[PDB]
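A.B. asks: Take a look at this one; I'll ask things after.
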Amino acid sequence: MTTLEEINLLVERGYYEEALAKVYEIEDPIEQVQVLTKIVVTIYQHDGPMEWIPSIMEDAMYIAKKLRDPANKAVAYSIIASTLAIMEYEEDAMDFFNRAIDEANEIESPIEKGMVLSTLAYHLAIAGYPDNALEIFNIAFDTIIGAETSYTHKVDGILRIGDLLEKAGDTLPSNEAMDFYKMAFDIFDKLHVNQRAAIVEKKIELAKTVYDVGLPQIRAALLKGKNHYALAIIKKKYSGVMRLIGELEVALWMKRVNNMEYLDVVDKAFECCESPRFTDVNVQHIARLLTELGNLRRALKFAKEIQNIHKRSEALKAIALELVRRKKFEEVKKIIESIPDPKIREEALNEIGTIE
């Protein structure tokens, strides 16, 4: 721990050769590989001396080659694999992932095998290979669940897959993160860790609500309630239509965690800029967002501009139902008459027969 501090400091001072010389004062090999690869990654990312990278990866590769114990080797190869994948050496990454797999299949304990697989799956996700990651997480899971030990030994192994599924999810954008979160929740639900199930359930509503702009650092900020920070990222990374939708999705999430400042974000999302140019799908999307937000005035403006006759029918109904719940009937009838699909117009006319 102080050794890691000395190594970091030597790096900050650009004394790379000495830092690497100290890496051997680290006891654990896997830890040596972690350190070595984290140096490479920060160099690659913060434009440090790129010509150190090959020599360091060689050192890491050498440490992994000497390992002997199948589990350790598998993790080491995984660490090497995801860092190559970060740096876009895809053929080499998949080579090391396959080495990791082979070593995993040498493990005797199925619970041990399962554990190693989920780590490797986690590295596949870090690497930007979400589909491969899932496949491996599922094999990891099948490996533990199929084993012939007693209930209790399987339990801790499977909860650890849960934790890793969840962390993989957290590092992914919403569309990719969703499958990881569902598996984790499933695991936490069946295995009776309710505190953990609740958090993941919440990360799913969040990923679902803030979807298009659901960058992992944005979802992370929203979950902490650092709303202005996330909004800030959205202004930096998006403009026009995507910036509008993103701000609305954020307002919607704020609304659902009972933060009443969401009203402000909505007004600003329209009042900040000129109305961009919209595709019909953008129109539909904004109409739905504004409805769930409760801004039925704006939501109606958008719904009436939906060109797809069926989508328009749907959006007009939703708005009208919400009107009913919240009184304000003086516009309901006209809106229903407006629905182009008479079938739908009838369904809305029955649902308004809520006895409530």
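Residues in the structure tokens are named by chain (A, B, ... in the order shown) and by number from 1 within that chain; ligands are numbered from 1 in the order shown.
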Could you name the residues that touch segment 236-250 of chain A at 10 Å or less, counting only C-alpha atoms, but leaving out those on the same chain fewer than 2 positions away, as a ChimeraX atom specification?
C.D. replies: /A:206,208-214,218-219,222,227,230-234,252-256,262,265-270,272-279,282-283,285-286,289-290,292-293
A.B. asks: Hey, can you check how far atom CA of residue 78 of chain A sits from atom CA of residue 58 of chain A?
C.D. replies: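 Here the two named atoms are 14.8 Å from each other.
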A.B. asks: Go through A:183, A:22, A:86, A:67 and flag the residue nearest residue 45 of chain A, using only C-alpha atoms for the distances.
C.D. replies: A:86
A.B. asks: Hey, what's within 12 Å of residue 59 of chain A if we count only C-alpha atoms and toss same-chain stuff fewer than 3 positions away? As a ChimeraX atom specification, please?
C.D. replies: /A:20-21,23-24,29,32-37,40,52-56,62-66,76,80
A.B. asks: With only C-alpha atoms as the counted atoms, please give the residues lying no more than 10 Å from residue 338 of chain A, apart from itself and same-chain residues fewer than 5 positions off, as a ChimeraX atom specification.
C.D. replies: /A:304,312-313,316-317,332-333,345
A.B. asks: A:99, A:297, A:182, A:38: which is nearest residue 197 of chain A, counting only C-alpha atoms?
C.D. replies: A:182
A.B. asks: Quick one: everything within 12 Å of residue 160 of chain A, counting only C-alpha atoms, minus sequence neighbours fewer than 2 positions away in the same chain. Send it as a VMD selection string.
C.D. replies: chain A and resid 111 to 112 114 to 119 122 137 140 to 141 144 153 to 158 162 to 167 184 187 to 188 191 193 196
A.B. asks: Would you compute the distance between atom CA of residue 189 of chain A and atom CA of residue 128 of chain A? Give it in Å to one decimal.
C.D. replies: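 Computed distance, atom CA of residue 189 of chain A to atom CA of residue 128 of chain A, equals 27.3 Å.
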